[PDB]
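Here we start with a single chain on its own, the form deposited in one PDB entry, put down as structure tokens.
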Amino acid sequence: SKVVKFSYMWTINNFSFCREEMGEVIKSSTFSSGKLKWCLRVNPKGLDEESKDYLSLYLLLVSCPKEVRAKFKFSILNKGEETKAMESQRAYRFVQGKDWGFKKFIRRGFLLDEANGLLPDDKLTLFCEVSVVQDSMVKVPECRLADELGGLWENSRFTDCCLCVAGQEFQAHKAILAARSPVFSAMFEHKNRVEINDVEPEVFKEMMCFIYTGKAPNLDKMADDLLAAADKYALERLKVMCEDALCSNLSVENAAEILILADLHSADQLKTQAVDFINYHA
């Protein structure tokens, strides 16, 4: 017998702000205790009609090596103590994609009432304690796929085509570009020199970097240009990563300018946040 306990503290700012309607969920970020990734789930206004006036809180097992028994307890931190705790009588069985919790954890009326101090500064901070139970490991290195692939790009290795960015000549790989981008694909399928005249070389270097490693380390300093590049080459995740880089900078200074930028490259998430920002500041 072995028992592994581990906490998690989730903070949701402006609990009254979130638009989530009865039936929508806000999934927190994953977390382990040092092979399984967990995370919490919260339905600001209930799981369904029976619980429209309550908050539904569930512990969810996100990833795992193809079953785990766990007990859990939820509570809201007021000084930092525990209030309104609910916990399983026993350990429940979880599996990749399974969740367990309380459909009717706490009434919205109660939680939103200030005399309960459950939302100091309108900040709901949830607290989950998990106790995994097992009956009675090698050091695995971290995936280095994205790194070794970026090597192909940095040091030009085994290239097979040429991308011309406003005069500039870059060596790259038809296959990788194709698998990683619909626009590049359509090109190499309908022939080794591609003319690119809609992206500045500095931004292009960054954009390729994304295509080969899934990362984009200078993103925060050319988010507007990288948002338009990501848009013109169907790189949806890059596009969304530029979208929040711009969303977090959003201010009464560049809000009208970010909105425009969002309406042209059709940045869904960013357009919402900007409209919602400009209004709550009108």
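Numbers for residues come from their place in the sequence shown, where the first is 1. Under this definition, the rigid core comprises the largest set of C-alpha atoms superposing within 1.5 Å between the forms.
Missing residues, deposited sequence, between residue 190 and residue 191 (class: none, 1 to 3, 4 to 9, 10 or more): Per the record, 4 to 9 deposited residues are absent between residue 190 and residue 191.
Entry-level comparison of average CA B-factors, 213-221 and 44-52, reporting the higher stretch: In the deposited entry, the stretch with the higher C-alpha B-factor mean is 44-52.
Greater mean Cα temperature factor according to the PDB record, 163-171 or 91-99: Per the PDB entry, the higher value belongs to 163-171.
Deposited CA B-factor, highest of 123, 205, 180, 73: That would be 123.
Options 176, 152, 133, 137 - largest CA temperature factor per the record: In the PDB entry, the greatest C-alpha B-factor among 176, 152, 133, 137 is found at 137.
Chain thirds of CA B-factor: placement of residue 119: It belongs to the highest third of the chain when residues are ordered by C-alpha B-factor.
Ranked against its chain, the third holding the CA B-factor of residue 195: Middle third, going by the recorded CA B-factors of the chain.
Third of chain Cα B-factors occupied by residue 253: Highest third.
For residue 129, the third of its chain into which the C-alpha B factor falls: Ranked within chain, residue 129 CA B lands in the lowest tercile.
For residue 228, the third of its chain into which the C-alpha B factor falls: Its C-alpha B-factor, which the entry lists for residue 228, ranks in the lowest third among residues of this chain.
Although it is not shown, the form deposited in another entry is what the next lines describe.
Core-fitted Cα difference of 2 Å or more between the shown form and the other one, single residue among 97, 151, 201, 182: By this measure, the answer is 97.
After fitting the core, residue 114 CA displacement of 2 Å or more between the shown form and the other one: Yes; residue 114 is a residue whose C-alpha shifts (by 2 Å or more) between the shown form and the other one when the cores are overlaid.
Yes/no, residue 263 Cα shift of 2 Å or more between the shown form and the other one with rigid core fixed: Moves: no, less than 2 Å.
C-alpha of residue 28 moved at least 2 Å between the shown form and the other one on rigid core: Yes, because once the rigid core is superposed, the C-alpha of residue 28 moves 2 Å or more between the shown form and the other one.
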